[PDB]
Amino acid sequence: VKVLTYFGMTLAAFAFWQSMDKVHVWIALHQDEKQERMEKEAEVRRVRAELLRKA
Amino acid sequence: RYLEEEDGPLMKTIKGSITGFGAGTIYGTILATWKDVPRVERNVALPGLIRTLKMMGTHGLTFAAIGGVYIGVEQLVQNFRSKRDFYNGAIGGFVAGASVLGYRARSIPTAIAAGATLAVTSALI
Amino acid sequence: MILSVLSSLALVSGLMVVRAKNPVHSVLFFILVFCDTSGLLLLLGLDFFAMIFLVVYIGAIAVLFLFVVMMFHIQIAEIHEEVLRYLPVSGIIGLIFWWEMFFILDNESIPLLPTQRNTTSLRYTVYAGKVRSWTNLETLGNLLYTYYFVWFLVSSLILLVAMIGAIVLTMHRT
Amino acid sequence: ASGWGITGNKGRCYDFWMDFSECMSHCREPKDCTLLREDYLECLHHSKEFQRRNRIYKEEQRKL
Amino acid sequence: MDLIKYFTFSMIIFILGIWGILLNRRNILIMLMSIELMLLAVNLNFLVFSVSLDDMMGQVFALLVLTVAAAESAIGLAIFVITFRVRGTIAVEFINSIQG
Amino acid sequence: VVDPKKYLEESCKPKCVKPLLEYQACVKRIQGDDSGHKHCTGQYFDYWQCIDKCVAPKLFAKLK
């Protein structure tokens with residue numbers, strides 16, 4: 001490829017990596033919601049088992 | 001052992017069709033990638049991509065048809081009769097296989113064989 | 001930011017390795033990926049490994065590839081193929097691998113978000129381990145030849161197999 | 001877990017690993033060693049420390 | 001966020017190796033080179049993980065893997081050379097006789 | 001003897017565990033009066049709509 005094509009590709013990849021950084025920050029920001037959802041679903045399963053174990 | 005769902009026969013049919021379309025797209029992609037290109041399409045890129053996208057569309061349509069008619073007829077048989085067994089879904093698999101695969105294969109014995117195979121695979125479920 | 005720059009250079013160079021029409025060019029772009037990797041290793045503080053990637057991967061392995069691929073004189077017709085038809089399958093496989101595999105550490109290694117506060121004063125410094133510092137070279141050499149010497153010798157056996165195979169497969173004595 | 005540090009001293013998480021290993025060496029139920037195991041993994045990945053600090057950051061951002 | 005970025009660097013190298021396998025049906029030399037890219041990505045993971053965990057076992061394996069990579073490249077290029085010599089070409093249509 | 005409806009409603013609870021927990025969650029959050037304004041009609045309706053759907057196809061088999 002031409003030198004300028006290579007450099008334009010490198011600039012595109014730099015933009016892609018900065019977007020990846022934004023994605024990682026977003027995923028980090030939603031840890032608490034995910035743990036809360038996990039806890040609620042675990043409680044659902046445990047209540048269902050304890051009610052089914054009763055019979 | 002099954003008590004995790006919200007159901008909905010119309011939603012069941014819609015989601016089954018969507019899942020079938022996705023599976024057909026992926027399967028058509030794999031089929032297109034596996035085959036070679038004809039000799040008069042090796043120095044040209046566009047026709048190969050067009051053929052791949054056509055294969056994806058065709059197989060997605062066919063698999064969506066299977067996944068929709070199967071679930072729809074299964075529910076319509078279990079609703080109008082109001083009994084839950086593997087007998088319902090066996091008829092749905094039979095009709096889905098027969099209808100769609102005989103439309104595509106253009107044959108009555110192929111439709112019957114597809115229906116029988118689908119009914120067996122649903123009876124084992 | 002520097003990691004972003006090196007990541008972009010490695011991404012483009014690797015794309016060039018797998019997509020160059022001329023294999024010789026593919027080998028030369030592979031050397032650029034190895035130089036970039038060496039820079040990353042220098043950022044990690046592992047200077048011995050950064051230099052050894054230059055000595056071995058570029059100085060020996062890539063030279064082997066270049067010597068062989070140059071004397072082949074490969075004509076483009078024997079290896080050419082239009083790759084537009086592989087966009088969908090590569091898209092699917094790459095997207096699946098990307099989502100499952102670029103975020104495999106996120107749940108186990110949750111990143112520390114950079115706050116608008118100087119958290120660099122909370123750096124505790126222990127002078128006991130700084131009295132006599134070991135280089136990465138000495139730390140590796142403390143272990144290779146005594147506590148894990150069997151693996152060292154097995155690697156030697158691997159190299160001996162390489163030599164014997166190279167001779168038995170290619171030698172035509174004059 | 002090996003104890004060889006990358007700077008020629010004892011590894012950062014080696015003591016946690018050992019305590020986990022001594023615990024498991026005589027506890028017939030692995031659930032008896034849960035706390036030490038999660039201590040060793042926390043030393044490895046700092047997951048809970050970083051999560052709590054991210055909570056602090058989130059609250060600061062919300063109240064700004 | 002350091003560790004995740006190092007890991008995604010290794011990740012893109014591994015993914016590029018997979019893609020080089022996928023995209024080079026007619027170019028088996030680049031298939032070999034893609035495999036070498038995958039091996040470099042794994043070697044980097046061991047080094048990055050060794051730094052991250054403060055443990056030297058990652059580095060020992062990194063050196064031994066470099067030895068394996070060298071030997072495997074040597075023998076692979078030997079097999080390439082003999083295949084080329086027998087056929088006079090590297091085209092994949094001449095290495096497909098065994099089938100079924 | 002014992003009403004088949006009441007028994008079947010009790011045995012259908014493991015199929016409606018998710019709405020029951022949500023209704024219980026609403027009860028705790030409204031235990032403060034707030035001028036007699038808050039209620040849990042929606043969570044109550046969702047829970048019983050699930051139970052009623054579970055009981056209906058099995059009630060009439062026990063009746064003559």
# chains A, B, ... in the order shown; residues from 1 in each chain; ligands from 1
call {"tool": "residues_around", "arguments": {"residues": "residue 32 of chain A", "least_positions_apart": "5", "cutoff": "10 Å", "atoms": "only C-alpha atoms", "output": "ChimeraX atom specification"}}
result
/A:37-38 /D:51-52,54-55
call {"tool": "select_by_dssp", "arguments": {"residues": "chain E", "states": "helix (DSSP H, G or I)", "output": "PyMOL selection string"}}
result
chain E and resi 2-23+28-53+57-87+92-94
call {"tool": "interface_residues", "arguments": {"of": "chain B", "to": "chain E", "cutoff": "12 Å", "atoms": "only C-alpha atoms", "output": "list in words"}}
result
residues 30, 33, 34, 35, 36, 37 and 42 of chain B
call {"tool": "write_last_selection", "arguments": {"atoms": "N, CA, C and O atoms", "output": "PDB file, in the first residue's frame"}}
result
ATOM      1  N   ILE B  30     -21.712 -20.465   6.190  1.00  0.00           N
ATOM      2  CA  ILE B  30     -20.753 -21.569   6.233  1.00  0.00           C
ATOM      3  C   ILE B  30     -20.747 -22.325   4.909  1.00  0.00           C
ATOM      4  O   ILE B  30     -19.685 -22.641   4.357  1.00  0.00           O
ATOM      5  N   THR B  33     -18.998 -20.252   2.225  1.00  0.00           N
ATOM      6  CA  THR B  33     -17.552 -20.214   2.420  1.00  0.00           C
ATOM      7  C   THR B  33     -16.895 -21.547   2.082  1.00  0.00           C
ATOM      8  O   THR B  33     -15.751 -21.570   1.617  1.00  0.00           O
ATOM      9  N   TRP B  34     -17.594 -22.660   2.311  1.00  0.00           N
ATOM     10  CA  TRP B  34     -16.982 -23.969   2.096  1.00  0.00           C
ATOM     11  C   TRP B  34     -16.748 -24.243   0.615  1.00  0.00           C
ATOM     12  O   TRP B  34     -15.695 -24.767   0.234  1.00  0.00           O
ATOM     13  N   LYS B  35     -17.709 -23.888  -0.237  1.00  0.00           N
ATOM     14  CA  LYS B  35     -17.585 -24.147  -1.664  1.00  0.00           C
ATOM     15  C   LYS B  35     -16.559 -23.219  -2.307  1.00  0.00           C
ATOM     16  O   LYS B  35     -16.279 -22.120  -1.823  1.00  0.00           O
ATOM     17  N   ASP B  36     -16.003 -23.677  -3.424  1.00  0.00           N
ATOM     18  CA  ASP B  36     -15.089 -22.881  -4.226  1.00  0.00           C
ATOM     19  C   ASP B  36     -15.870 -21.942  -5.140  1.00  0.00           C
ATOM     20  O   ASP B  36     -17.099 -21.989  -5.221  1.00  0.00           O
ATOM     21  N   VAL B  37     -15.140 -21.074  -5.833  1.00  0.00           N
ATOM     22  CA  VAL B  37     -15.753 -20.170  -6.802  1.00  0.00           C
ATOM     23  C   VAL B  37     -15.573 -20.739  -8.203  1.00  0.00           C
ATOM     24  O   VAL B  37     -14.550 -21.380  -8.489  1.00  0.00           O
ATOM     25  N   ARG B  42     -13.000 -15.782 -10.611  1.00  0.00           N
ATOM     26  CA  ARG B  42     -11.864 -15.753  -9.697  1.00  0.00           C
ATOM     27  C   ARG B  42     -11.100 -14.437  -9.745  1.00  0.00           C
ATOM     28  O   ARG B  42     -10.468 -14.062  -8.751  1.00  0.00           O
TER      29      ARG B  42
END
call {"tool": "atom_distance", "arguments": {"atom1": "atom CA of residue 42 of chain F", "atom2": "atom CA of residue 30 of chain F"}}
result
13.2 Å
call {"tool": "residues_around", "arguments": {"residues": "residue 27 of chain E", "least_positions_apart": "3", "cutoff": "6 Å", "atoms": "only C-alpha atoms", "output": "PDB file with N, CA, C and O atoms, in the first residue's frame"}}
result
ATOM      1  N   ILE C  79      -1.252 -17.981  -5.681  1.00  0.00           N
ATOM      2  CA  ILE C  79      -1.723 -17.739  -4.323  1.00  0.00           C
ATOM      3  C   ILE C  79      -2.816 -16.686  -4.252  1.00  0.00           C
ATOM      4  O   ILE C  79      -3.331 -16.422  -3.165  1.00  0.00           O
TER       5      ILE C  79
ATOM      6  N   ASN E  24      -6.849 -17.088   3.683  1.00  0.00           N
ATOM      7  CA  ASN E  24      -5.727 -17.445   2.827  1.00  0.00           C
ATOM      8  C   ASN E  24      -5.817 -18.889   2.356  1.00  0.00           C
ATOM      9  O   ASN E  24      -4.865 -19.658   2.514  1.00  0.00           O
ATOM     10  N   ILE E  30       1.206 -18.045   4.187  1.00  0.00           N
ATOM     11  CA  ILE E  30       0.598 -17.094   5.110  1.00  0.00           C
ATOM     12  C   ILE E  30      -0.207 -17.820   6.176  1.00  0.00           C
ATOM     13  O   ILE E  30      -0.404 -17.295   7.273  1.00  0.00           O
TER      14      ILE E  30
END
